[PDB]
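Visitor: Build me a model:
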Amino acid sequence: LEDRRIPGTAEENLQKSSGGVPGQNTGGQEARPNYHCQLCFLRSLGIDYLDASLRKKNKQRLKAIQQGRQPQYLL
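Guide: Residues are numbered from 1 along each chain as shown. Structure as follows:
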């Protein structure tokens, strides 16, 4: 059990939730807002988020990952 396919989304193969209930906060159109406050991640995640804001302990280790614009993305 890891990120990317935690809510049966499979790297957002189509979308997390929209028909019947989207929830902009959980990730409706913007996708990245308070779902898990773009840090908590695990519950939503429009990619392999990791967390490119708090990151726990990643953006700083590699001399490139500290920047990388976003984090692990859908790669």
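
Visitor: what sits against the residue positioned nearest the centre of the chain?
Guide: In the chain, the centroid-proximal residue (CA atoms, centre = their mean) is residue 45; its distance is 2.8 Å. Shown in contact with residue 45 (CB atoms under 8 Å, 6 or more residues apart in numbering): 3, 4, 6, 7, 9, 35, 36. Just so you know, the C-beta spots here come from the backbone N, C-alpha and C atoms, and that holds for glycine as well.

Visitor: Can you tell me which of these has the most neighbours?
Guide: Per-residue neighbour counts (other CB atoms under 10 Å) across those peak at residue 35, which has 24 neighbours.

Visitor: OK, contacts around residue 1?
Guide: Counted by CB under 8 Å, 6+ apart, residue 1 has zero contacts.

Visitor: For residue 55, see how far away it is.
Guide: Distance of residue 1 to residue 55, computed by CB to CB, to the nearest Å: 20 Å.

Visitor: So which bits of stretch 48-56 are buried?
Guide: Buried residues in stretch 48-56, defined by neighbour count with 16 or more other CB atoms under 10 Å: 48, 49, 50, 51, 52, 55.

Visitor: same deal with stretch 16-36?
Guide: For stretch 16-36, a neighbour-count test (16+ other CB under 10 Å) marks 16, 26, 27, 28, 31, 32, 33, 35, 36 as buried.

Visitor: Kindly list the main-chain dihedrals of the third one?
Guide: Main-chain dihedrals, residue 27, degrees, to the nearest 10: phi 120, psi 70.

Visitor: Who are the contact partners of it?
Guide: Counting by CB under 8 Å, 6+ apart, residue 27 has contacts 16, 17, 33, 35, 44, 46.

Visitor: With secondary structure added, can I get the residues you listed in TSV?
Guide: Putting these into TSV (DSSP: H, G, I helix; E, B strand; the rest coil) gives the following:
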residue	secondary structure
16	coil
17	coil
33	coil
35	coil
44	coil
46	coil
